[PDB]
Every structure is written in structure tokens, then in C-alpha cells.
There are 6 protein chains.
Amino acid sequence: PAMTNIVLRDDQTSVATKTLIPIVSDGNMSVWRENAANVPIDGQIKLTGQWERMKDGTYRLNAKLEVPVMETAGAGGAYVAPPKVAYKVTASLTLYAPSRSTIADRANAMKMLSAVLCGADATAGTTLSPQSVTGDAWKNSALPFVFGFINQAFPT
Amino acid sequence: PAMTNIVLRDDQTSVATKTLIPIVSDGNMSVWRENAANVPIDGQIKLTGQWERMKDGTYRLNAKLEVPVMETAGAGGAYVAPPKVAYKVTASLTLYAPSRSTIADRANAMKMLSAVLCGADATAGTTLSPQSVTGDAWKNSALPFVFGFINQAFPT
Amino acid sequence: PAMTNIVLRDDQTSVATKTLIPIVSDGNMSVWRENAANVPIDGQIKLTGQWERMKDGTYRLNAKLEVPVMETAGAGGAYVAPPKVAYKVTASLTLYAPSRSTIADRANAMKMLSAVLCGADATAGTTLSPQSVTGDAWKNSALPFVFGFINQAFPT
Amino acid sequence: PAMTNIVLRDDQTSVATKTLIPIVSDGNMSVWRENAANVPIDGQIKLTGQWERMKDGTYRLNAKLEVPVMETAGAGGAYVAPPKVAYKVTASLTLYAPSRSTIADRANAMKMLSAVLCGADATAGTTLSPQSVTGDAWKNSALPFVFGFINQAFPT
Amino acid sequence: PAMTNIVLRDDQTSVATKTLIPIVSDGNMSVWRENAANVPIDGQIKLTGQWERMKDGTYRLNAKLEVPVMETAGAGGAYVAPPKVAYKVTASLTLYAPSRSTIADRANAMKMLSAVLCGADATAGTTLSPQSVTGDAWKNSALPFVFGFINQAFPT
Amino acid sequence: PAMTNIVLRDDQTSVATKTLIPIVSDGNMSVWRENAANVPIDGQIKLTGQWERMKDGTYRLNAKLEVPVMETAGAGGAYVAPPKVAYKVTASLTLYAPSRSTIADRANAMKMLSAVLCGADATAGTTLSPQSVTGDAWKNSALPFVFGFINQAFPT
């Protein structure tokens, strides 16, 4: 498939739209990046999709979303520098699919873990829109793994 | 929070429901497991949520879904072949969040990467339900990252 | 007993309510933490209750309340970092109860030291509400040990 | 401030009053002690308030309540057994306050931890009087941390 | 699942109730303890549930109930004797389940041995309630295995 | 007493009856065995009651129930395979009673651990009949220790 734009929606009070433009098509990876002004290149949101064949025939597929955070949002100026990038929150989905693995196996695994990350709970058929327009819908959610990852408390 | 059951839905032609019963709560990790008949303990669908504080104050949160495939018995051994597992398709979401990170930032990152894993594309607000009742909806999908993970060919 | 929420009241001008949610149930300890947005995880108020058996049979019971302080309260932003956590004020109650110690002994010790920390003075039956709704009631109090710990002057 | 008497109340069925007379004022510490008849000096209820400036500018303030239990005499030694002490239940509140810490912060911490030691629970503003005249009120209490300290089983 | 209290009934003439409160939850071990008045910690009734994976894949599950009998006071020596534990009556159920075992096998084994320990005899359907309010029902019972364990005389 | 038959009931959907006939009575050992059609001797359900006096006077009483699962035929190799036993699920109750123990101690311990293995929970008087005609009653039961032994997941 060809590289396309990737439009995401974050979880602020007012859901803001973020556009990742394709940058580069490499041999084992491909990269999408945000393009926002008065933001250092290091501060743009980055999406790296890479893949490799382990020595045992097993295929490792990594999708890495880096979200940078500047320290104090700055009034952009003609020759004024942006806030130095304070840190990065990183989230990587790794999929290990062995030699004998099949399309059905991979699809099942991906769909079920996606439901988990969208916080399926004891009640069957439960999920939360990752493209939800509801502001603060994820941080306020009490679903086991959404709440778990966000507020850093897994169920025990 | 307390551990609850977790009900997921696979991507077979007729969508099947899988239920993960809570098994154990360790000091740092918690484990849910399916309870299917005629399956060994090591062959059930397993979900492991673990977390550790790195030496730099950065916190690493892992959610690991193991989907096993058990072997099939060929009646040739002069005894019914013992029921063992063939292999495991594994999918682990890892979130690295430093000490300066907040609830707002962790939520932004989780929601955007969930949208990515649900095949967010150039068209804004595009997502595919991971609890979808549409059979084979994921394996047939052409959404960039759903397709790339299912078929081991990311956009390039 | 099961872990429950723990609701405390501080000593500002307007008494503010702080909720500690249970995080983890470990083998020798249990942890409660505040969950407040635009605050680094390191800056949340923490409560760690641990217990161990010394080699001589004596039981050591520690309850540790960590109160972090950020350096300059910051206007939360979409991709704006919180104030880096400036320092921690820590307060630990340690109870040493030997092998021959009894329920009555431990209850007596705990109640009397609690009265001391609530600042019982020469006048009998004297105490100060630790859940007091009166703003600034503790910092302004002149009770020997409340005043002592707060303003860092013990009676001599 | 000047050292005053300190009147506390235990948790017997009929609540008894204990009075701590000031004994000595050292350079860094001060000591109150009970004066009960037929008790050696080392068997009286003792209260020690000491403080030291750590090498990092952080100040450590300790308040230590020792409650002794004297042995009982069995008339078998061919002489009345000498009155000695059996053991000591000790409870020490320690406050670590750094150089950047203020009166507001020390007060917040002390009040909240006092509320904790008085069995603050999920219900807001919950506390048990440490000068309470209700006999056996503490040992019978089911408040989380009162119960946990008295019975050596914290919530888990 | 989560640890709950465990309420048992003994075989005294007037059947008494014992309550085991959870103390700690480890990864491979969970402990319940009784909290009775005027009994040391070591003299309380203890319940230990543990599990381990042997090197051959076979899981070993152990449930260990310790009923202590404390030393009766005795008359004074030099000083009054300290309270100490005389001995412990211990009862451990161990279940060995190899890799190829199923829920059916384990449930069948557990139910049948439970009926055995509840004194199944030649007449079908025979059983004795372990929660029975009938005082001295077990020590008086003549069912082969109950009587055998109690009176240390096995059917021969 | 004299050895009698022992009639047990399993946990199949339709509850089946198993009869253990006495085989042999030794001095410190007695054996019961099932006699089912089309099952080898080693595949029959076995029950072993033994006792021994340790070197410290403490008596050790063991009751061991072996439930074998025989190998399923499988297709022909060179010749038709001979019937053989696949594995054994084993459940052993061991009771340690020191010299100073009495009938009261042993009966109390046995009844309380029997109520435990029959799934006593927080609610008093809780029990599950081990001779119950309710099919699949044990494997479906959620009582902490019954469920724990069955599903190899202990309350934690």
C-alpha cells in the first residue's frame, strides 16, 4: 500500500485534530510526522512503522507513536526560539507473528488487543471510540485498561 | 481498581466471543486468562498487565495479549498425540511515561495510538471498531495500519 | 481488610479535599495515590503502608505519607509540561511491636501518640481535629507538638 | 516554647488518664515522662522529641512515645523477683522537611497524616478522637489504619 | 479472584465460629489469619494457599491449615512466664495436576476426596457437613475416614 | 473399624457414581480400588490410607486419592497399541498431630479444613456438598478455595 496521511484526534477538552504527513519510505520502516509551526522538529508528533524478520523466521512488527511535550508554550516571534522540548511520551505496539502464523491468527490478535486498549470490560461488546469527538472521554473513562494506562493503575 | 472479566471479539466469519477470567494479582502484574474446554492451561488466551519503574524515574507499562494455537493430532504415533501448543501470536502495547508526564499527556498518547491501531487514515476521524460484529472486518480492511499489521507490509 | 479510598483534608485557607485511590496490593505493602490532572505522577500525594518481621520476632509497621511540591503552579496546556516537582515533605509513623506485645498495648500506644500529634497539652482531654474544616487551623494552632512540628520549634 | 505537662488518654475499658511531667531539655531533644507509683524510672511512659539537621539541609523531626510493660512477679525464686520491665511498644512519628519547605507545607502534611492515623476512610471527613472517653474505642474500631496498626494487618 | 474472609465452624460442644481475615497476597502464596482476643500472633489460626510449577510441568497446589494450641500459663518461675505456643496441629491438602490434566480431572479428584474426608462410606450419598452446627458431630462420627483421622485409627 | 466400600460422586454433567472396594488391609496402610469395566488395574481409581509415628512422637496421617486418566487408543502403529495409563491426578490430605494433641484439636482441624475445601467464604455457614447430585457444580462454583483448586487460580 502507498503511504497516506494519518488523521488522529487527541483527548483535550476540545478534541483537536492532528495530521501526520508521510516523510520517508525506507527499506524496513516508514515515517509519518506532524507539521505544526512554532514547534521544534523534535517536538512534532512522530509515527514510525518498522518491521524485521528475526533469525527464527518470526516477524516482528512495531508501530511507535512518539508524542513530545514542550516545557512552556511560547509566543512565537520573528527571531524567537520555541520552548525546548521537555520530554516524550512514547507508545509502541509490537506484534510477534511466527513462521506458521496465519492471516486469521494475526487479525484475531490485533482485533482483541485493540478492544483491550479501547477498554473492553466484563460487559460484553464494550468499547470506546479512539476517534471520539467527546472531549476528555478517555482520561475520564473508567474502563479497566484505558483508565489503567492513563492514570497508571492497573487492576489488581 | 478491581480486576473484572474482559470480553473480546475475534475476527472469524461468525464473530466469536472470548471471555478472560481474572487469574492472579501479583505485586506488579495482573493476569486474565480464557477458560475454554479441552485446552491446556498454557494454550488459553492470556492477558498480562505489568508495570515497572525504570531507574531513571520513567515508568514502563506493558499490556501483553498472547493468543496460542494448539497443534492438531495426527493418529500415527501408536498413541494419541498429547495435546500441546503449536505457537503463540503475541501483541504487547508498551507505554513509556516519564516522571514529568501528566494524565493529559498519557491520555492524548493512548487515544491517538489507539486510533492508529484502528486504522486511522487520511480521511479525518476514521476508525474501525475492535468490538465489531462484522465478521472478517479486520482482515479484509484496507486501513493502513490494520492492513500493515495483519499482512506484515507497512505502507512504503 | 480490603483497600478503600482515603479522603483527607489539608490546612489551606479553604480546606481542600484530597482523595487517595488504591493503586496496588503487594506482599508486604499497599499503596494509595492522589489522581489530579496537570500534575506529574511524581507530584501526586502518596501513601505507602508497609510491614515487616524483624529477625527478633518484633513487627515493624510503617505508614509513609509523601506530599510533593511543584515549583511554580503552571497553566496546563495541550502539549505543555507541568512544573517539575520541586521537593517532597515526608511523614512516616513507625510502630515497633515486639513478640509479646498485645492488642491492648498497640491500641494504647497508637491512641496516645495520635493525641500527641493532635497536640494534647497540659489541659486534660485536649485535641485538634485532623479532619477539621476550619481553614489554617493547624498552622495557627499553639498546641505543643502541632506547633512544634509545623513551625519547627519543639518545647525546651 | 516552654515544656508543659501532657495529658493523654489510653484505650482501656474505663479510659485512664496519663500525665507526662517534663523531665529534661537537651540541646536538640526534650523529654517528658509519666510519674506512676511502684514503677522504675525505665518503666514509665516516655515521650522524646528530638530534631537534627541532616547534611543535605533537610531537617528530621522525631517524636517517640515509648509505652513499657513491666514484668509480673512469680513467687518462686526464693526471693521476691526484682521489679524489671518486660518490653516496650514504641511509636515514632518522623517528619522530613527540606530547606525549601514552608509552614504551609509542613502543616498540610502533619494534618493529613494525623487524619490517616485517626482512621480516615473513604467517607469524607472521618476521624476518631485520640482523646476519646469511649473505652476500647480504638481497638474495636474498623477504620482502615487504626485497625491495621492495632492488629498488624494493613488493607491488602 | 480477590481474597475474602473465610468463616469456619469447629467441633466443640457449642459450635464456635472462627474468622480468617486476609493478611497478604503474594504471587504464589496467600495467607489468612484469625484475629482472636488474648491470643498472640503465632497462636492464631493460619491458612496458607500456595502453588508452584514443578520442573515437569506438573502444578502442585497446597492448602495448609495450622491450628495452634498455646501453652497454658503455669505457675510463676522466677518471673511470670511469657505466653508461648505449645504446638500446632497441621492439615495440608496437596493436589498434583500434570500438564495434560483438565478442569474435569481436577474437579472430579477434588470432589471425590472431599466426599472421602467428609466420611463417605459404603452407603452411597453418605456425607457429613463440615459447616454443621451439630456440636461434637465430627469427633463422635463413625464414618471410616473422618473417624480415622480423628481417633488416629484407620479402617483395617 | 472394618474396611467398607466407599461410594463417591464425580462432577460430570450427569453425576456418575464410583465405588471403591477394599483390596488389602496392612498394619499402617489400607487400600481401596474401583472396579470398572474395560479399565486396567492401574487405571482404576485408587485410595490409600496410611499412618506413621515420626521420631518426635508426632503422628502423620495421609489419605491419598489417585484418579488416573488412561491413554486414548490412537491409531495403529506396527501393531495395535496396548492400553496404558496417560497420567494421574493426585490429591493427598496429610494431618500432622503431635504427642500432646487431643481428639478436640484433631476434630477441629479436620472439620475446618473440610469446610475450607468445600469452599467456605466470607459469608458464614457457606459450604458446597461433596456428594451433591448437581452436575458440574464444583467446576462452576466460584467459592474461593474450590475454584482455586479447580482452575489453578488462587485468591490473591
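Each value, and the rule that gives it
- Residues numbered from 1 in each chain as written, not as in the entry; some residues may be left out.
- Chains lettered and ligands numbered in written order.
- Part of a larger assembly, values for the part shown.
- Heavy atoms only, no water.
- Helix = DSSP H or I, 4+ residues; strand = E, 2+ residues; numbered from the N terminus.
- Buried < 20%, exposed > 50% of the residue type's maximum accessible area, 1.4 Å probe, protein only.
- Contact = heavy atoms within 4.5 Å.
- Areas by Shrake-Rupley, 256 points an atom, 1.4 Å probe, with all protein chains shown as cover.
- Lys, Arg positive; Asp, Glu negative; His and termini not counted.
- Charge placed at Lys NZ, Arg CZ, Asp CG, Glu CD.
- Least-squares fit on C-alpha atoms.
- Core = buried A, V, L, I, M, F, W, Y, C linked by side-chain atoms within 4.5 Å.
- Buried area = accessible area lost by both parts, 1.4 Å probe.
- Salt bridge = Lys/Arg side-chain N within 4 Å of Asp/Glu carboxyl O.
- Polar contact = N/O pair within 3.5 Å; in protein donor to acceptor, adjacent residues only side chain to side chain.
- Nonpolar A, V, L, I, M, F, W, Y, C, P; charged D, E, K, R; others polar.
- Pairing = 2+ DSSP bridges.
- Axes fitted to C-alpha atoms, helices over the stretch in contact; angles between N-to-C directions.
- Parallel < 35°, antiparallel > 145°, perpendicular 65-115°, else oblique.
- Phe/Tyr/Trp six-rings, centres within 6.5 Å; stacked < 30°, edge-to-face > 60°.

Novice: A description of the overall build of chain A should follow, citing residues and the corresponding values.
Specialist: Counting secondary structure elements, chain A contains 2 helices and 6 strands. Counting from the amino terminus, helix and strand elements in chain A follow one another as β-β-β-β-β-β-α-α. If one aligns the C-alpha atoms of chain A with their principal axes, the spans along those axes are about 60 × 40 × 30 Å. Buried positions account for 54% of the 156 residues belonging to chain A. Residue pairs in contact within chain A that sit at least 24 positions apart in sequence constitute 36% of those at least 6 positions apart. Accessible surface, chain A: about 6500 Å² in total, of which carbon and sulfur atoms supply 52%. In chain A, which carries 14 positive and 12 negative side-chain charges, the distance between the mean positions of the two groups comes to 6 Å.

Novice: I'd like to hear about the relation of the copies chain F and chain E, residue by residue, with values.
Specialist: There are two copies of the chain, and a rotation about an axis plus a shift along that axis relates them. Superposition of chain F onto chain E requires a rotation of 180° combined with a translation of 0.1 Å along the rotation axis, giving an RMSD of 0.0 Å. Interpreted geometrically, this transformation is the action of a two-fold axis. Residues of chain F ranked by C-alpha distance from the rotation axis are headed by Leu-93 of chain F, positioned 2.2 Å from it. Of all interface residues in chain F, 99% are interface residues in chain E too; the two copies therefore contact each other through one and the same surface.

Novice: I'd love a proper account of helix α2 (residues 144-151) of chain A, names of residues and values included.
Specialist: Burial runs high along α2 of chain A: 8 of the 8 residues are buried. For α2 of chain A, every residue scored as buried is listed here: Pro-144, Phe-145, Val-146, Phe-147, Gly-148, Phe-149, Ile-150 and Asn-151 of chain A.

Novice: How would you summarise the environment of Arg-33 of chain B if you had to cite specific residues and measurements?
Specialist: Note that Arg-33 of chain B resides in strand β3 (residues 29-34). Accessibility expressed as a relative area gives 11% for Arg-33 of chain B, which makes it buried. As a C-alpha pair, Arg-33 of chain B and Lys-139 of chain B span 106 residues in sequence and 24 Å in three-dimensional space. Discounting chain neighbours no more than four positions away, the residues touching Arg-33 of chain B are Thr-19, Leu-20, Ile-21, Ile-23, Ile-41, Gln-44 and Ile-45 of chain B together with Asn-151 and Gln-152 of chain F.

Novice: Can you explain the nonpolar core? Please cite residues and give values.
Specialist: With 81 residues, the main nonpolar core has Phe-145 and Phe-149 of chain A together with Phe-145 and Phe-149 of chain B as its most contacted residues. Element by element, the count of residues in this core is highest for helix α1 (residues 103-117) of chain B, at 9 residues. For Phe-145 of chain B, the contacting residues outside a window of four places in its chain are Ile-6, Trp-32, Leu-47, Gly-49 and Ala-63 of chain A together with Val-116 and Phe-154 of chain B.

Novice: So, the interface of chain F and chain E: which residues are in play, and what are the values?
Specialist: Contacts between chain F and chain E engage 89 residues on the former and 89 residues on the latter. Together chain F and chain E conceal approximately 8000 Å² of surface at their shared face, both sides included; 70% is due to carbon and sulfur atoms. Counting the surface chain F buries against chain E, the share from its top three residues, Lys-111, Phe-149 and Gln-152 of chain F, is 10%. There are 2 salt bridges connecting chain F and chain E. The partner of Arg-100 of chain F in a salt bridge is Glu-71 of chain E, and the shortest N-O contact between them spans 2.5 Å. Our enumeration of links across chain F and chain E arrives at 28 residue pairs in polar contact. Per-class residue counts for the side of chain F that touches chain E are 50 nonpolar, 26 polar and 13 charged. As paired strands, strand β6 (residues 85-97) of chain E and strand β6 (residues 85-97) of chain F are joined by 7 bridges and run antiparallel to one another. Counterpart to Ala-91 of chain E in the pairing with β6 of chain F is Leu-95 of chain F.

Novice: Just give me the short version of the packing of helix α3 (residues 144-151) of chain E against helix α1 (residues 103-117) of chain F, but keep the residues and values in it.
Specialist: Two elements in contact, α3 of chain E and α1 of chain F, have axes separated by 8 Å at closest approach and are oriented at 135°. The angle between α3 of chain E and α1 of chain F places the two elements in the oblique class. Across the interface between the two elements, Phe-149, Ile-150 and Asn-151 of chain E of α3 of chain E pack against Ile-103, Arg-106, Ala-107 and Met-110 of chain F of α1 of chain F. Within the contact of α3 of chain E with α1 of chain F, the residues separate by chemical class into 5 nonpolar, 1 polar and 1 charged.

Novice: Could you give me a rundown of the sheet that holds β6 of chain E, with the residues and numbers involved?
Specialist: Spatial ordering of the open sheet is given by β1(E)-β2(E)-β3(E)-β4(E)-β5(E)-β6(E)-β6(F)-β5(F)-β4(F)-β3(F)-β2(F)-β1(F), a layout of 12 strands whose pairing is antiparallel. The open sheet is flanked by β1 (6-9) of chain E together with β1 (6-9) of chain F, the only strands paired with a single partner. Between one strand and the next, the sheet's axes are offset by a mean angle of 20°, whatever the strand orientation. As paired strands, strand β5 (residues 59-70) of chain E and β6 of chain E are joined by 12 bridges and run antiparallel to one another. From the neighbouring strand, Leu-65 of chain E faces β6 of chain E, where its bridge partner is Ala-91 of chain E. In this fold helix α1 (residues 103-117) of chain E packs onto β6 of chain E together with β1, β2 (17-25), β4 (46-53), β5 (59-70) and β6 of chain F, with an angle of close to 35° to the strand it touches most, β6 of chain F. Of the strands in this sheet, β1, β2 (17-25), β4 (46-53), β5 and β6 of chain E together with β6 of chain F are in contact with α1 of chain F, which crosses β6 of chain E at around 35°.

Novice: Which residues make up the pattern of salt bridges, and what values go with them?
Specialist: Applying the stated criterion across every chain, the model contains 48 salt bridges over all chains. One salt bridge connects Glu-66 of chain A with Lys-88 of chain A, and the closest N-O pair in it is separated by 3.5 Å. Highlighted residues: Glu-66 of chain A in strand β5 (residues 59-70) and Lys-88 of chain A in strand β6 (residues 85-97), separated in sequence by 22 residues. Looking at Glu-66 of chain A, the relative accessible area reads 13%, which means it is buried. Judged by relative accessible area, which is 32%, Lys-88 of chain A ranks as partly exposed. Salt-bridge contacts for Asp-11 of chain E lead to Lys-139 of chain E; the nearest nitrogen and oxygen are separated by 3.0 Å.

Novice: Tell me what's going on with the pairing of strand β3 (residues 29-34) of chain E, and back it up with residues and numbers.
Specialist: Residue and element names in this part refer to chain E. Burial analysis of β3 places 5 of its 6 residues in the buried class, the great majority of the element. Summarising the sheet, β2 and β3 pair through 5 bridges and their orientation is antiparallel. By the bridge assignment, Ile-21 is partnered in β3 with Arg-33. Summarising the sheet, β3 and β4 pair through 5 bridges and their orientation is antiparallel. Bridge assignment links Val-31 to a residue of β4, and that residue is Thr-48.

Novice: Which residues make up the interface of chain E and chain B, and what values go with them?
Specialist: In this complex, chain E contributes 8 residues to the contact, which on the side of chain B involves 11 residues. Buried area between chain E and chain B, both sides added, is near 720 Å², and the carbon and sulfur share of it is 55%. Our enumeration of links across chain E and chain B arrives at 0 salt bridges. At the junction of chain E and chain B, the tally comes to 0 residue pairs in polar contact. Split into classes, the residues belonging to the side of chain E that touches chain B amount to 3 nonpolar, 3 polar and 2 charged.

Novice: Go over the packing of aromatic side chains, please, and point to the residues and values.
Specialist: Summed over all chains, the structure comprises 28 aromatic pairs over all chains. Where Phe-145 of chain A meets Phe-149 of chain A, the ring centres are 6.5 Å apart and the plane angle is 45°; that geometry is what we call tilted. Placement of the pair is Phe-145 of chain A and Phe-149 of chain A together in helix α2, with a separation of 4 residues, close to one helical turn. Linked through ring pairs, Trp-32 of chain A together with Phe-145, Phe-149 and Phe-154 of chain B together constitute an aromatic cluster.

Novice: Which residues make up the arrangement of the chains, and what values do they have?
Specialist: Across the 9 pairs of chains in contact, the largest number of contacts is found between chains E and F. The closest approach of any C-alpha atom in chain A to one in chain D is 10 Å; the two make no contact. Taking C-alpha atoms as the reference, chain B and chain D come no closer than 11 Å and do not contact one another.

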